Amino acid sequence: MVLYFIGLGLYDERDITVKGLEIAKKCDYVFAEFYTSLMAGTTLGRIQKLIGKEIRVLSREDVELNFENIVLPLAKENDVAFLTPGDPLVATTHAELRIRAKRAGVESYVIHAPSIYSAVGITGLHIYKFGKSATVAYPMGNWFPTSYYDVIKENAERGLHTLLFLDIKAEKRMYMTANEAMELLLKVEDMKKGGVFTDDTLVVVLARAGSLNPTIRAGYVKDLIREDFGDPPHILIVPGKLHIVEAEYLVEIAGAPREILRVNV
């Protein structure tokens, strides 16, 4: 009678940790959600084959609305696993599900896996220099989210980097590209006119982290807004004040304009 929250990792089925695999293999029932993120290098079939268990995929409503009606009942008499892309508690509200587990009298354990939040280290930007993070959400009809723009502003004033998770509407197979993110930000700049995000802003794009050849690119918005970064998922990063060593990596590894090597001191 235990519930395991198990992360599947960044890109493919092998991004799960050995610990995660061995526990999932011995579970009686296995549930999963594939709406919080996109694992571009695998399929449900491959994941199922790897763990040797049939997987019951749940929708966002199944989880947010009926997690205690669909998953917890079985977890009271058996070992149940709930799998998720990346790390199960990063950039999701799944932590709250552990509260539901407890009140249901069910023990829960968490098995971590590589997460985009941590994988940003491959951009060469010091991970401790990141400040508040935000999500660039798709506008729904006339509703136009803009809060993420203020996050960039606040971090940049402190000289901190801003990690921008990008939207995903899995049910519609809609995966926001870094390009779409940039467009939205420029539009928001037009409204707020804070000088936060412009054609000259230096940005970093990380696409398909977890794969062997992720797309790592740095440059000015004017130049990257129309560049092809490959298949989703993508994340966008607006660096704050760079250290020379960060700029060197972006130039040498992410093909950034050598001019950034000359920071303004």
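Numbering starts at 1 and follows the sequence shown.
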Hey, which bit's got the bigger mean C-alpha B factor in the entry, 69-77 or 157-165?
69-77
Do the CA atoms of 225-233 or those of 202-210 have the higher mean B-factor in the entry?
225-233
For the CA B factor values reported in this entry, which option in 121, 86, 131, 195 has the top one?
195
Which third, lowest, middle or highest, does the CA B-factor of residue 100 fall in along this chain?
middle
Based on the entry's values, in what third of the chain does the Cα temperature factor of residue 255 lie: lowest, middle or highest?
middle
Based on the entry's values, in what third of the chain does the Cα temperature factor of residue 108 lie: lowest, middle or highest?
middle
When the deposited Cα B-factors of this chain's modelled residues are ordered and cut into thirds, is residue 239 in the lowest, the middle or the highest one?
lowest
Cα B factor band for residue 142 (lowest, middle or highest third within the chain):
highest
